Structures are given as structure tokens and as C-alpha cells.
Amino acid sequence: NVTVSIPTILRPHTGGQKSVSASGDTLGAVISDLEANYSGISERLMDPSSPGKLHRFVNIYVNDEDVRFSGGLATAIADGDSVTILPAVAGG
């Protein structure tokens, strides 16, 4: 089980909740689990033109580390990890 921080822009998918539980042993597994509980959320994370890749303007971090440098959706996830989702804002 992991704790996922949901940015304001995606909270209409999570009933307004800013933080939700998810399970999975990779980022892709957590995204799958999120989709099971929060319909439509995964499509918002993924590139509509390059399926299988994250949206250019979405950043995701597992225990504060950017998944683009740790295997992307294959990034390993362990029980107790934090997952942070943020839109791309210069300086943030």
C-alpha cells in the first residue's frame, strides 16, 4: 500500500480527495489500481499521442524521485512508499 498525492487539477477523479491509497509494486501497477478506484484518472496521466508514456506535462515521483530517471512506469514501489503527482510548473 502506498499513499498517492493528487494535485488539484485531478481531484475531480478522486471525489475531491487530495490523498488516496493505492496498491501496486510498480508505478504502472499503482496507476492501474488508481484507475480501478477512480475512473478516468489514468488517461489524464498518459500521453494521448504516445500511449504507454506519461503526458509531457505530468511529473511523478516515488519517495521524491522522478520516475523518468528510474524506469518510468516500471519504477519499483514498496509498501509505505509515497507517490506524488504534479503538473509541470517551471520552478516547482
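Numbers for residues come from their place in the sequence shown, where the first is 1.
> When the Cα temperature factors in the entry are averaged, is it 66-74 or 15-23 that ends up higher?
The deposited B-factors put 15-23 ahead on the C-alpha mean.
> Per the entry, where is the mean C-alpha temperature factor higher: 38-46 or 24-32?
Taking the mean B-factor of the alpha carbons in each, 38-46 is higher.
> Per the entry's values, where does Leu86 land by CA temperature factor relative to the rest of its chain, in the lowest, middle or highest third?
For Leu86, the deposited C-alpha B-factor lands in the lowest third.
> Comparing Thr3 with the other modelled residues of its chain, is its CA B-factor in the lowest, middle or highest third?
Its C-alpha B-factor, which the entry lists for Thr3, ranks in the middle third among residues of this chain.
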